[PDB]
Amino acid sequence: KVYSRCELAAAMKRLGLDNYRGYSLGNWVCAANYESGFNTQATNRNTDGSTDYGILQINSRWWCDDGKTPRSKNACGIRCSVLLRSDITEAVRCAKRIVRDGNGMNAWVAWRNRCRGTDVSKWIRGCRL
């Protein structure tokens, strides 16, 4: 599924991301925009045999099990396929773990590079949440 910006903002608000560990809703929408373009089916195969999955491009070496990543862990206790579903519930739950375990959103390269120095509230402009 390709979410609209505001459809994703509303879903993320419902699932408790607004101000989660100090990150306003627009951070998470911005991160999704640049990580996946709002496509739940996005993947990125890395050279090291890991793959980034879903709307927040969550990596299989650490966070989910895809059964094909050498020397890996599954900290979210999920199959990576659950991160390709239209329903973002499991992706959000895992993203919350990433931001707890990492003491922030720096795990997301695209958020670091495109979001953190901007007015992230722009990503919520117009949205009925």
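Numbering starts at 1 and follows the sequence shown.
Between the stretches 25-33 and 93-101, it is 93-101 that shows the larger average CA temperature factor. Averaged over Cα atoms, the B-factor as recorded in the entry is higher for 65-73 than for the other of 52-60 and 65-73. When all modelled residues of the chain are sorted by CA temperature factor, residue 10 is found within the lowest third. Among all modelled residues in this chain, the alpha-carbon of residue 40 has a temperature factor (C-alpha) in the lowest third.
The deposited CA B-factor of residue 17 belongs to the middle third of values across its chain. When all modelled residues of the chain are sorted by CA temperature factor, residue 110 is found within the middle third.
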